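Okay, here we've got a single chain as structure tokens, the form deposited without 1H-pyrrolo[2,3-B]pyridine, with questions on binding and movement later.
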């Protein structure tokens, strides 16, 4: 086992990893985008999944862990406070991945969809992902949907190797 990062452009509900990170909202609602796809595939994981901004809460669907990570909605937060909460959400993901003992995890880029406040946050969100996950030994598979984002994420992964 050599821990790795990979990126795939496809629906995270089809992931091939041992657990999934949901781009969750604080109230545990079905939501939109990635969150709604996670709700359709693992609805049982939404039982008592509500948790504050900047935190993560894991709920099992059977034995399959869904890590509900709540990034900030940048429409509501200032750039400085939102940046702090986004970094914090990813730190909580790293703790949960470690506690669960999984060999791999499927992760989306938090706060880059409807919580982005209308801005391109690929680099900001990806760099906070790396800051949290670099010290873990899980294989990390990042899921995206946009063709140009796939290329940019792949370039960012490859240039550190």
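Residue numbers count along the first chain shown, from 1.
The same protein also has a form solved in complex with 1H-pyrrolo[2,3-B]pyridine, omitted here; what follows describes it.
Colleague: Is residue 37 close to 1H-pyrrolo[2,3-B]pyridine in the deposited bound form, meaning a heavy atom pair under 4.5 Å apart or at it?
Modeller: Although 1H-pyrrolo[2,3-B]pyridine is absent here, residue 37 would touch it in the deposited bound form, with heavy atoms inside 4.5 Å.
Colleague: Is residue 12 one of the residues lying within 4.5 Å of 1H-pyrrolo[2,3-B]pyridine in the deposited bound form, judged by heavy atom distances?
Modeller: Residue 12: yes, in contact with 1H-pyrrolo[2,3-B]pyridine in the deposited bound form.
Colleague: Is residue 144 close to 1H-pyrrolo[2,3-B]pyridine in the deposited bound form, meaning a heavy atom pair under 4.5 Å apart or at it?
Modeller: Flag for residue 144 set to yes.
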